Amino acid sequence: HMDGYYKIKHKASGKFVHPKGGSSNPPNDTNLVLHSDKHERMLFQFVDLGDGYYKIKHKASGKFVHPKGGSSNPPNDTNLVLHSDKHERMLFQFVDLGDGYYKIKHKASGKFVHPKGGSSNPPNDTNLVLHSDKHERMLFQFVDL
């Protein structure tokens, strides 16, 4: 129930969400990407604000998941980045399909987190984006540490 530290795992590929470059201290607007590796710089915390909306926090840096530019309605294929700012456009909802695999939905726009290109096997360092489509390659699993 979303307390503690988690790996965010892409169902189709098994890859994880990382800051690009994997650093403990990425600057603002660093891209989020998928990558196979596991380490403490790919852990996240979920901060429950109530009523099923969450801030997604990078453990190592304390920065949050944003759409690049922070719009209420980002276009399809808008990059997800880390940023220290907080506001309504960096909130997310987790929708369970019913077996513990989730769509990760941007509250403001209703778009979902996808690997860019939607592959079942994104290459390492593929950017994560927002997109309106739903399919099995935009499901994620939250793996507690």
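Residues carry their position along the shown sequence, with the first being 1.
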Once you work out the mean C-alpha B-factor for both 92 to 100 and 76 to 84 from the entry, which is higher? 92 to 100
Higher average CA B factor in the deposited record is what I'm after, so tell me if that's 66 to 74 or 34 to 42. 66 to 74
Assert third(CA B-factor, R137) within chain per record equals middle
Would you check the entry's CA temperature factor for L49 and let me know if it's in the chain's lowest, middle or highest third? highest
Binned into thirds over the chain's modelled residues, the C-alpha B-factor of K59 lands in the lowest
In terms of its chain's C-alpha B-factors, the third that includes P115 is the lowest
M2: which third of its chain by C-alpha temperature factor? highest
